[PDB]
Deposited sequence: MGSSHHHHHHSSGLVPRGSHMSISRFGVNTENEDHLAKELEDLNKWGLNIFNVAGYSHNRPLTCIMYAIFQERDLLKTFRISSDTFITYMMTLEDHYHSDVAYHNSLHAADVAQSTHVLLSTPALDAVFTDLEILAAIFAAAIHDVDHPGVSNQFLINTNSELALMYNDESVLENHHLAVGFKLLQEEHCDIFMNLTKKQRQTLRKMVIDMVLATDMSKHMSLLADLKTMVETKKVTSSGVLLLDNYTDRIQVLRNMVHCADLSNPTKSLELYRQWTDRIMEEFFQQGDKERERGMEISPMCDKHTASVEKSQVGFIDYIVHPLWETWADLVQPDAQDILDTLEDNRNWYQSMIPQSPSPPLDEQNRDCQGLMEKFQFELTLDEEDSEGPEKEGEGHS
C-alpha cells in the first residue's frame, strides 16, 4: 500500500525496515522483498522467470518457514535476502559477479533457514531427532533447508529455474549448497580464517575493485557474504537490532525450557533463569560478529566503515545496560555446543 511503497524506497539500503514491510504485506515479507529485489535487478527478465511461477514458489517457500518460531521465521529469511541484496552492490564488488552468481546468493539467502524448528543442530542431535538421523549429525538443519528449497523446485508450477541452461542449473545448485552449508555456525571460525587469508592476498584494479581469479575465489566471497548477512543484526540501527535480540532470546529460552522438561542439561545461553541478554549480545559482537565484519570491511574498504561504526555504538549500548582467539572459539561453542 502507501506505507509499503514508502518503506520499499529503502530497498537498496541497509536501513530498510523489514518489520514494517512484514506489517504491510500480510505477513509475507519474504515473498514481498524477493519480488522487489528480483524486479530491481531485472532477474525475472534476465532468466526468463515468469512472475506467476516466481510468486507461487516464493509463497510456498515462505509458508514453509514456521510462523510460531520466534526468530527463525520468514522475517529472518527476508532480512538475510535484503541484506545480501545490499552487500552484492558494495562498490568494491562492482561487476565482479555474474548474473547467475547474484541470483544464486539471493536465492540462497531466501531458502537458507526454511522449515527451521526453533531448536539448534545440537538439540536435534542430543534428542536423536529424525532429522539428525537422516543427516548423520552433520550440518543437520542446513542440509535440511537446502533439501526443502530444492525439493520445492521439482514441479513445473514452481520451477523458477526452468529457463536456465543445464550447465546454469548445475552451477547455481553447486553455489547455493555451498552458501547455505556455510551458514552453519560450527564452520564460523574456519570461514573467518579463510576470509582473512583472502584479505591478505587481496588484489584490485586501478579503480579499487576487487580482482577474483576464478570460481574458487568468487564462491568464497559469496559464502562469506551470506554468512555476514546472517550475522548482520548487530550492524543495523539499534531499534532493529533490539527487536532481533528479543526474538533470538525468546527462541533460545524456549529451547532451554524444552531441555529442562526432558531432563537434559540446559545450554547456558538458553537458560532463562541465568543468562544475561545484555552480556550475551556483548560477547556475540566481541567474539563473533565484529571479527567477521572487521575482516569483511578490510576486503571491501572503505565501503563497510559505517557498518563497523554502528556495530561499535550498538555494542556500547548493550554494555551500558549491564549493571582473543581462545574466547572466539568459546563463544562459537556456547552457540553451537559443538
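Q: Extract from the deposited sequence all ranges with no corresponding C-alpha coordinates, numbering residues from 1.
A: Unmodelled stretches: 1-32, 356-368, 384-398.
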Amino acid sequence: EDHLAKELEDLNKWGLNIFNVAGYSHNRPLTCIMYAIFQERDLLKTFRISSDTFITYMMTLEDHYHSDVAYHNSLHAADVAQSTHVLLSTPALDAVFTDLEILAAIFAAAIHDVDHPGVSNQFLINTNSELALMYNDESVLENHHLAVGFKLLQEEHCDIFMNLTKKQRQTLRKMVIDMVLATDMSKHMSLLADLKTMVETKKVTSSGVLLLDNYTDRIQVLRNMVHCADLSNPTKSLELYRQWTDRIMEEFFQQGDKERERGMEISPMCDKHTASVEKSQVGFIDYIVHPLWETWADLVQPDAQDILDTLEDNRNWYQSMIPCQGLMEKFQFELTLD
From here on, numbers count along this sequence of modelled residues.
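The term rigid core refers to the most C-alpha atoms you can superpose between the two forms while keeping them within 1.5 Å.
Q: Please pick 252-260 or 148-156, whichever has its Cα atoms farther from the shown form in 7 other deposited structures of this protein after a rigid core fit.
A: Higher average C-alpha offset in 7 other deposited structures of this protein goes to 148-156.
Q: For a rigid core alignment of each structure in 7 other deposited structures of this protein onto the shown form, which stretch has the higher root mean square Cα deviation: 32-40 or 273-281?
A: The answer is 273-281, which departs more from the shown form in 7 other deposited structures of this protein.
Q: So 93-101 or 211-219, which one's hotter by mean CA B-factor in the entry?
A: It is 211-219 that shows the higher mean C-alpha B-factor.
Q: Out of 33-41 and 265-273, which one has CA B-factors that are higher on average in the deposited record?
A: Between 265-273 and 33-41, it is 265-273 that shows the higher mean C-alpha B-factor.
Q: Say you rank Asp137, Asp178, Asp194, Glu142 by Cα B-factor from the PDB entry; which sits at the top?
A: The C-alpha B-factor peaks, among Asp137, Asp178, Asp194, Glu142, at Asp194.
Q: Out of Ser206, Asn233, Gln122, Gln82, which shows the largest CA B-factor listed in the entry?
A: Of the options given, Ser206 has the highest CA B-factor in the PDB entry.
Q: For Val199, does the deposited CA B-factor place it in the lowest, middle or highest third of the chain?
A: According to the entry, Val199 has a C-alpha B-factor in the chain's highest third.
Q: Taking only the Cα B-factors deposited for this chain, tell me whether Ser67 sits in the lowest, middle or highest third.
A: Highest third, going by the recorded CA B-factors of the chain.
Q: Using the temperature factors of the C-alpha atoms in this entry, rank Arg315 within its chain: lowest, middle or highest third.
A: Middle third.
Q: Ranking every modelled residue in this chain by its Cα temperature factor as given in the entry, which third contains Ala77?
A: Lowest third - that is where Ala77 ends up once the chain's C-alpha B-factors are sorted.
Q: Looking at the entry's B-factor column for C-alpha atoms only, identify whether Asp257 ranks in the lowest, middle or highest third of its chain.
A: It belongs to the middle third of the chain when residues are ordered by C-alpha B-factor.
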